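Shown next, in structure tokens, is the structure this report addresses.
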Amino acid sequence: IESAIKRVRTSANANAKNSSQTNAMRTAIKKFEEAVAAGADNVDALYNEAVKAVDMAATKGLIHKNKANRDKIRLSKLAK
Amino acid sequence: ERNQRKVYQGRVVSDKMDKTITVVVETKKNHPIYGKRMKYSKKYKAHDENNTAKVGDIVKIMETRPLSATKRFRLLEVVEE
Amino acid sequence: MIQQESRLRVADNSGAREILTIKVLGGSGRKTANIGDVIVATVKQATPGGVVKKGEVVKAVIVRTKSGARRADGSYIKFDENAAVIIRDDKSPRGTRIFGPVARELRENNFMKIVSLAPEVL
Amino acid sequence: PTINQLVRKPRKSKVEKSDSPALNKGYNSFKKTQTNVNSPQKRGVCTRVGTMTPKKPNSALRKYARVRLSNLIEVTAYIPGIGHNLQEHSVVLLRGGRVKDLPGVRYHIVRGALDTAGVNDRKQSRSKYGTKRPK
Amino acid sequence: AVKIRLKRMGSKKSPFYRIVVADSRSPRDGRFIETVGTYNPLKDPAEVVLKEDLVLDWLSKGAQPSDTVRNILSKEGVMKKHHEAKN
RNA sequence: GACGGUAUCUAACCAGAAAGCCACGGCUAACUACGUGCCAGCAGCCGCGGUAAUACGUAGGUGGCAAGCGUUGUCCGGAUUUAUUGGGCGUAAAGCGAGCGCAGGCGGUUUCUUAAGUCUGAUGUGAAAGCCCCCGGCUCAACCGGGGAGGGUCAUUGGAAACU
RNA sequence: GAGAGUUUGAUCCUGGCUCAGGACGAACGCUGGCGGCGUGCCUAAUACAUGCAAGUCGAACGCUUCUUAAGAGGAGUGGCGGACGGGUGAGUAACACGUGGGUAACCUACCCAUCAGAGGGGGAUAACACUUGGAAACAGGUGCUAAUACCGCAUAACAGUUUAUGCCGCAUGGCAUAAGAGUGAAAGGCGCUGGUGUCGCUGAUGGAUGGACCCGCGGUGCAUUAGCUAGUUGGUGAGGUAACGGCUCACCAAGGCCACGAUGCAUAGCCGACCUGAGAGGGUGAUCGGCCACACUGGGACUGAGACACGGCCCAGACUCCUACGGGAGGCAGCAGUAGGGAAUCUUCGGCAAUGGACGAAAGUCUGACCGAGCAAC
Ligand SMILES: [K+]
Ligand SMILES: [K+]
Ligand SMILES: [K+]
Ligand SMILES: [Mg+2]
Ligand SMILES: [Mg+2]
Ligand SMILES: [Mg+2]
Ligand SMILES: [Mg+2]
Ligand SMILES: [Mg+2]
Ligand SMILES: [Mg+2]
Ligand SMILES: [Mg+2]
């Protein structure tokens with residue numbers, strides 16, 4: 001009622017964008033996990049793309065830096 | 001130097017569990033109205049690193065973060081079999 | 001094709017939950033009713049904290065039927081249950097809120113308040 | 001008692017209670033339960049007005065009224081004074097207090113409150129019995 | 001924000017104030033951490049009491065007064081000392 | 001500067017516009033008259049009333065309070081009437097009908113030891129407001145403000161260990 | 001730390017009843033002059049007619065209307081606030097509260113201090129113009145357009161991680177240095193004369209502030225309630241959260257709680273404090289302050305530093321309202337106020353002058369918080 005309509009609209013748009021970007025991050029990560037299961041040599045670049053998405057999601061307020069660190073650490077233990 | 005987290009001394013009552021035990025303290029509060037020195041057998045769960053402690057054995061335990069739902073305490077010693 | 005001893009669900013918050021047709025109104029030997037036809041009935045199951053309660057004799061209106069209704073243009077409506085609405089002597093209802101859908105055939109019979117209170121009118 | 005006994009079971013006091021349980025309860029029509037409320041006065045509807053014979057050392061016609069309260073407890077009260085405007089279905093206000101003559105009257109009726117008319121031609125102890133000044 | 005403001009006391013039409021260290025989230029009269037003086041204009045001039053050490057410590061630690069408290073601390077010389085200590 | 005042309009101050013005037021409530025047998029301070037006649041009614045308890053009522057009702061008078069008074073309802077106290085402080089069990093209430101014994105409660109003298117209980121020093125905290133003490137401003141007072149004090153079967157550390 | 005009356009023909013014990021005092025958010029009755037200060041739905045967390053309570057920024061951005069290119073007004077996008085303030089106490093017998101502690105298992109927009117940096121690019125979108133939707137709120141379609149909106153590209157890790165040492169701690173471990181590998185940032189506006197100052201922008205630390213979790217102890221009745229639990233108890237992994245951990249899943253084992261009262265039932269917000277009392281204690285939890293919980297009932301998430309959000313979203317249910325009958329809309333336990341219930345407890349008032357809060361560079365706008373006034377001999 002009281003100027004909350006605008007926050008409804010902006011919050012829905014934010015929902016769209018943030019869920020899209022998190023899904024992007026998760027697809028990158030899942031792709032890397034399947035690559036580590038398949039043993040292909042693309043693992044080296046997929047690792048870096050996953051880390052890239054993780055930190056770029058730590059930016060823009062999707063991911064808390066501790067969650068980013070835990071993700072990077074899990075991926076590191078997978079790769080190494 | 002930093003703080004020191006609470007420590008208690010007690011006695012074991014069960015060691016049927018892996019990496020953990022139960023420990024009993026046995027203070028004696030005075031009943032609030034009638035003043036009699038009552039027993040008070042508070043007990044706790046302690047993380048044993050190696051399943052060392054034995055039943056009916058004196059022990060010391062220091063608090064720490066929750067290691068389980070029950071656990072809040074860390075084994076330190078084994079004193080009297 | 002709603003008859004005596006025929007049981008009906010209730011499509012309002014009047015207090016009743018299940019109904020039993022005592023008789024059909026209109027004429028002398030009417031042995032059958034459909035949408036828009038008024039009913040005399042009992043109450044076999046009522047909501048506990050309800051106005052209308054067990055045993056009460058009351059009039060009612062058939063609002064949706066399996067043996068459904070027909071339109072001039074050959075378009076026919078049918079339903080998966082037989083339900084009715086309790087009313088007073090006037091065509092107005094006892095309760096305040098009708099549930100489920102409702103046929104358009106009632107607008108000719110001047111149950112306009114029920115048509116309005118219903119969410120969907122087919 | 002020994003102190004061990006007094007710890008195993010402590011002193012549990014002599015339970016107390018009121019001289020007017022009818023005033024210490026209420027009623028909500030929604031959940032339909034006795035709501036415990038400490039109310040000095042109440043409203044009621046006289047379901048009967050009559051006379052009763054008091055105990056042995058006394059002898060008289062004591063005017064009572066059986067009353068239906070707001071909280072749906074039915075209560076016998078006394079009509080103090082000399083004269084009353086009361087009938088069956090007459091709204092009335094009730095206060096506490098025994099009438100030592102009859103046992104079954106734990107309550108009194110108040111004058112000058114509601115349909116109860118003020119006492120007529122009472123000039124002394126006048127607030128009691130509820131009648132305005134003679135100017 | 002952490003702030004150094006003044007809370008209301010005394011009867012109506014005869015006010016009085018305590019300078020106080022309050023978050024902006026707390027009420028006018030509610031949570032506070034420290035009191036560092038008090039105030040009333042009911043005298044012909046204004047009248048003031050202060051605790052220089054503690055108020056200057058909170059200002060250093062990051063406090064942010066209101067306008068009237070800034071005026072008072074100016075009259076008492078605390079803002080100048082804080083400025084000097086930052087220089 | 002909403003309050004507000006309010007507080008407040010000045011001057012003119014009128015004793016003139018401004019007191020009632022309860023009780024008066026004893027517990028409880030406060031007494032007679034008339035009517036009534038176990039009726040009317042009173043009543044916190046004891047109890048008054050049946051032709052001479054300081055107990056009903058009225059009048060007069062007095063007493064206690066006073067812009068309040070009285071009444072009900074609730075809480076505490078008196079109530080040692082749930083007795084830790086601080087009660088009892090022959091006859092008043094109460095010793096199970098009596099025993100065997102698990103658990104618990106209690107436990108002879110004494111060396112050494114500990115220090116859970118206990119005692120004790122210091123430190124911290126126990127917000128403010130409030131109770132209390134000293135101050136100060138509202139024509140005093142309530143109230144308001146300042147300062148202080150105290151408050152924990154409280155916590156850490158450090159000793160004794162007589163007693164359990 | 002005062003007692004008195006009352007059992008008896010009388011007496012003493014025992015034992016109960018009542019009274020003498022103090023206090024109400026009080027009510028009823030009778031009476032009633034004023035002033036000051038405070039308090040005022042304890043019941044139906046019952047339903048809500050009406051009005052007002054959270055907006056703000058043109059010095060972030062582009063339009064539109066009126067100004068002879070000036071300022072002022074309308075709707076945009078964007079940011080910040082809306083999670084505070086205010087109300088109520090239903091649920092909750094438990095780390096909810098109080099107190100004492102811990103977090104080497106943590107987070108923190110705004111405010112401070114410090115180290116740094118702020119480069120070059122892109123594609124859209126509202127608004128707006130037409131279109132259909134017809135009562136019109138709604139809503140959809142085509143096209144154009146700006147931003148401190150959004151995207152990704154350039155560099156830094158001072159962040160985190162692993163190695164090697166050193167140091168220390170209470171085991172896990174923590175601090176300092178160096179190295180390795182990989183990753184990521186941004187925004188400009190105003191003013192001065194490319195240099196700028198101010199406000200903002202991005203990373204890292206530290207502090208403050210508030211928040212989250214964990215533990216000792218404590219505070220209510222029933223045993224005419226004696227057994228309770230099965231992700232329940234623990235462990236090895238994995239996942240997950242700001243973070244610990246059955247928080248979650250699988251797997252292994254069968255343990256774990258309790259007569260020191262578990263479990264269940266009822267009751268209840270807790271506390272500072274308030275009334276009483278010689279004290280020990282009892283009773284209460286109104287006003288003021290603190291913590292908690294709730295927002296028609298139930299659930300779930302999004303946004304955001306912060307909610308699982310009184311005056312936000314979705315869904316289910318109950319309840320009501322306006323419709324042109326096609327479809328919409330709402331949630332006073334915010335301040336006043338209505339009805340009902342009740343023994344019963346307020347004006348449908350003024351102002352932001354103060355004090356405090358949001359926003360803003362600032363004036364200033366908003367503010368039923370709050371200031372005041374009003375009614376009631378409470
Ligand atoms: K008399
Ligand atoms: K509650
Ligand atoms: K709920
Ligand atoms: Mg006398
Ligand atoms: Mg009398
Ligand atoms: Mg006589
Ligand atoms: Mg006997
Ligand atoms: Mg204090
Ligand atoms: Mg006493
Ligand atoms: Mg609301």
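Neighbour counts are summed over all protein chains in view; Cβ atoms, including those assigned to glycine, are modelled from backbone coordinates with ideal geometry. Where a number appears in this text, it was derived from the coordinates with a stated rule and is not lab data.
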*For the stretch C:61-102 and the stretch D:1-43, compute the distance between their C-alpha centroids and round to whole Å.*
55
_Given charges at beta-carbon only (K, R positive; D, E negative), |dipole| of the stretch A:3-80 in Debye_ = 580
*Within straight-line cross-link reach of D:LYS100, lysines at Cα separation under 18 Å, skipping those fewer than 8 residues along the same chain*: D:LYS55, D:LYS56, D:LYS63
*How high is the FRET efficiency between C:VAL57 and D:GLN41 when r is their beta carbon distance and R₀ equals 51 Å, given to the nearest 0.05?*
0.70
*Enumerate the residues in the stretch A:42-80 having an amide nitrogen under 13 Å from the point lying 7 Å beyond the Cα of A:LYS17 toward its Cβ.*
A:60-62
*Check: chain C dipole with +1 on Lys, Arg Cβ and -1 on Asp, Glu Cβ, in debye*: 160
*Fewest first, what order do B:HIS31, D:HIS89 take by the number of other Cβ atoms within 10 Å?*
D:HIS89, B:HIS31
*Grab the other residues whose beta carbon is less than 10 angstrom from that of C:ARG30, score K and R as +1, D and E as -1, and report the net.*
+1
*Add -39500 (n - 2.57) for each DSSP H run of 4 or more in chain E, then divide by its residues: what number comes out at 222 nm, to the nearest 500 deg cm²/dmol?*
-9500 deg cm²/dmol
*Other chains near B:30-36: what is the mean number of their Cβ atoms within 10 Å of each residue's Cβ?*
4
*asked:* What whole-number distance in Å separates the alpha-carbon centres of the stretch D:71-110 and the stretch B:53-81?
replied: 72
*Relative to the Cα centre, what is the charge dipole magnitude of chain B, using +1 at the beta carbon of each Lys and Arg, -1 at the beta carbon of each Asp and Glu, and rounding to the nearest 20 debye?*
620
_On a straight-distance basis, which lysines could pair with E:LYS75 in a cross-link, Cα separation under 28 angstrom, same-chain partners fewer than 8 positions away excluded?_
E:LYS3, E:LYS7, E:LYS12, E:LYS13, E:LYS43, E:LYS51, E:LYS61, E:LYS86
*Radius 11 Å from Cβ of C:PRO93, net charge of other residues (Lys, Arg +1; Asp, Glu -1)*: +4
*Pop the C-beta distance of B:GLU26 and B:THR70 into the FRET formula with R0 = 22 Å and round what comes out to the nearest 0.05.*
0.70
